[PDB]
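Contents: one structure, followed by commentary.
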Amino acid sequence: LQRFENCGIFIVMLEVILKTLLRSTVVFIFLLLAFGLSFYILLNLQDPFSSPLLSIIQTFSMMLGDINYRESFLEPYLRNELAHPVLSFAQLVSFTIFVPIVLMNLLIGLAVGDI
Amino acid sequence: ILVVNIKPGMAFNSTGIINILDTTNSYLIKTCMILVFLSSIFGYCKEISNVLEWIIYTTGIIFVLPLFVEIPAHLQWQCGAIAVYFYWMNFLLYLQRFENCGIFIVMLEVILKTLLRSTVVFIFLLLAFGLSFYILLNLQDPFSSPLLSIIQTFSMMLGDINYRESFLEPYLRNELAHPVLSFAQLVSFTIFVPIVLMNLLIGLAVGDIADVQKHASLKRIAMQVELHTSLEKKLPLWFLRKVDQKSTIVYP
Amino acid sequence: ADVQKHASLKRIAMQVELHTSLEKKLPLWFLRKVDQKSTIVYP
Ligand SMILES: C[C@H]1[C@H](F)C[C@@H](C(=O)NCc2cc(-c3cnc(C(F)(F)F)nc3)ncc2C(F)(F)F)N1S(=O)(=O)c1ccc(F)cc1
Ligand SMILES: C[C@H]1[C@H](F)C[C@@H](C(=O)NCc2cc(-c3cnc(C(F)(F)F)nc3)ncc2C(F)(F)F)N1S(=O)(=O)c1ccc(F)cc1
């Protein structure tokens, strides 16, 4: 579709943002790996974090701002199923600040700036 | 390597993993513990970057103290969850030396400081909802205590309000004590904080990252020049004369 | 991004409008007691 004037500029805008997002992972995958390996320690008794790979896929999927908060922090806390409660909520807010808010606004800053 | 080969919560020693004691990774666990311990005692001697290095080395020791001193399994992994996190968070602050990484850490430093100036104001906009939902929704598990109420009303700000599970399903069972005011506070939240504050933060984020990109093509080179001159101020002069070079050829 | 055009002036305009509103309403002898003509700084 790049060969039609009606289409090609939206694929220039896709090429430009996808390449920008790619340069950004060479830094921020080491941010994801901090949360993925940390929630593997803190939430290990739960199905959705049971293994380091599933924990990094979960913290990848939480990125968009859908943390499943009641289902894996609160309902476990009110049943003592959290092993490290004071630190587990401190890692919840550290994720919520750094990723759904800081990184996902940093990427709107890049995308709006480039497009 | 010491994390992913041991189930989190099990005590361990150089001899292996305790449940029973078993030896199936013992040479890997022994060598990784000695390497982390050495890295931490040398880490103190090389002593926000300066603060994170204390949090890492004072805690990565506690995760590995069972190389010498037996410790509660809970304290070993509660330290592991902190040390394993801050090792990777602080790895980004080493990436600033690479030409093509550092500008994204500059854009992270700028937006994080911009959000923190905005937090000194809007914590009181959170605490208004956090203590109001503590009154209006007290019969529900997520709002059972003022601290849990403020954690829940923090976590709602992304625009994930659990509306059916805490307003409408409770309303259709008369479990809301103050129904008219409870829905009036549900709208007042949905306006002020997943819409007005998050669109304000996107306004700050775009406005100041599009200003880093105004200088980025110079900031790359200014970081490199300040790095290489800092090393010329710290390398001994004979080494610079042996290693530096007056002319170079290129073959395109 | 338009408030951030004026922000570095708007900080000061808010401070000037605050301090001049108080300077109109504190009683005249109080300003003459308090409003010192020079100040030193030690960097
Ligand atoms: C660069 C940042 C942004 F801020 C947001 C996010 C992103 O959308 N990046 C695109 C991307 C992802 C992956 C990928 C593949 N597979 C996994 C695994 F292992 F989990 F399965 N993870 C990531 N590969 C290539 C790309 C690229 F081509 F687009 F560049 N990333 S982040 O670093 O992943 C990330 C950061 C924080 C966080 F909390 C969670 C994740
Ligand atoms: C400044 C505003 C933004 F618009 C959005 C949001 C945010 O992401 N700020 C980052 C942040 C949060 C916390 C924090 C820690 N711990 C709790 C507690 F008590 F709940 F556990 N709450 C907050 N600390 C430091 C930072 C900072 F360093 F980044 F600045 N905040 S807000 O004020 O919190 C907030 C506002 C409205 C709302 F409806 C809910 C919350």
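Following Swiss-Prot, chain A residues are numbered 850-964, in order.
So how was this one determined? The header says electron microscopy, 3.6 Å.
Note that Cβ sites are derived from N, Cα and C of the backbone, with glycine treated the same way.
Pulled from Swiss-Prot, these are the features on record:
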TOPO_DOM  A:851-862  topological domain 'Cytoplasmic'
MOD_RES   A:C856  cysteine sulfenic acid (-SOH)
TRANSMEM  A:863-892  transmembrane segment
TOPO_DOM  A:893-901  topological domain 'Extracellular'
INTRAMEM  A:902-922  intramembrane segment
SITE      A:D915  site 'Crucial for calcium permeation'
TOPO_DOM  A:923-933  topological domain 'Extracellular'
TRANSMEM  A:934-960  transmembrane segment
Under 8 Å by Cβ from A:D915 (site 'Crucial for calcium permeation'), counting only residues of that chain that are 6 or more apart:
none
So, by DSSP, how many helix, strand and coil residues make up the topological domain 'Extracellular' (A:893-901)?
4 helix, 0 strand, 5 coil
The residue listed as 'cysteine sulfenic acid (-SOH)', DSSP three-state class -> helix
Return the residues near A:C856 (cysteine sulfenic acid (-SOH)) by Cβ distance under 8 Å, restricted to its own chain and a separation of at least 6 in sequence.
A:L850
If we skip the immediate neighbours and take only residues 6+ beyond the ends of the topological domain 'Extracellular' (A:923-933), which ones have a Cβ under 8 Å from one of its Cβ atoms?
890-895
Kindly assign A:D915 (site 'Crucial for calcium permeation') to one of the three DSSP-derived states: helix, strand or coil.
coil
Within the same chain, the residues 6 or more beyond the ends of the topological domain 'Cytoplasmic' (A:851-862) and with Cβ under 8 Å of it are 964
Number of helical, extended and coil residues in the topological domain 'Extracellular' (A:923-933), per DSSP:
4 helix, 0 strand, 7 coil
